[PDB]
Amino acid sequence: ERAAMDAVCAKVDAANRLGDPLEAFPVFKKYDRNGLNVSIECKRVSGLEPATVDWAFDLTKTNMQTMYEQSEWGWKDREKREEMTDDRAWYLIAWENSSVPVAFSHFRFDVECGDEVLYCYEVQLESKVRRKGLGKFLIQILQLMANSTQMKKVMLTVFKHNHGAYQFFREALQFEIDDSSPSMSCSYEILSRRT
């Protein structure tokens, strides 16, 4: 029993010791379609400037507070800030013209239901950069990082009342409803895509 968990945990622990998970993949550090000119970086939260963390928290709250209150979770600043600043947090940040932060993902390498996973805790875009393919590109980066670290899936939570995001994940990206989702036994679904 412990042996199976140890092999899973070894892979997670190794991924969490990486320096730049995108070092081998420079093609994914630029997104220049549909009028954008973005550079993308992957850093641990400890590598981000405090003002960048503030921008990311504020964007999450602007985009999500109402939908959190419409869910059973509610929104509390402290809980979300603690989640976003946990030492285990990794970030993909998209910088328009390499200068203005316009989108991010907070993700982790973790164990979920006994499996090594890349868990996507946030994908958040400023309104002006939406519907230009950047969100899809960021999720493709997550899928690539999951593969390169030997994770078994990318996983995330989406509110049922977040209709646009639900269609983005289920239809455009063909994520499945994960077996851990409440619907497979609530205001959200747990979605995943196997590596």
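Quick note: we count residues from 1 along the sequence shown, nothing fancier.
- Note: missing coordinates for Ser185 occur in a third or more of the other compared entries bracketing this position.
- The modelled chain is continuous from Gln174 to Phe175, since every residue of the deposited sequence in that stretch has coordinates.
- With 165 to 173 and 145 to 153 compared on mean CA B-factor from the PDB entry, the stretch scoring higher is 165 to 173.
- With 135 to 143 and 66 to 74 compared on mean CA B-factor from the PDB entry, the stretch scoring higher is 66 to 74.
- Each of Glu96, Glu122, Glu79, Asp110 has a CA temperature factor in the record; the biggest one is found at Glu79.
- Listed residues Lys61, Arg130, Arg33, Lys30 were ranked by CA B-factor as deposited; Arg33 comes out on top.
- In the deposited entry, the Cα temperature factor of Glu116 sits in the bottom third of values across the chain's modelled residues.
- Ranked by Cα temperature factor within the chain, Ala15 sits in the lowest third according to the deposited record.
- In the PDB entry, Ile40 places in the lowest third of its chain by CA B-factor.
- Among the modelled residues of the chain, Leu48 sits in the highest third by CA temperature factor in this PDB entry.
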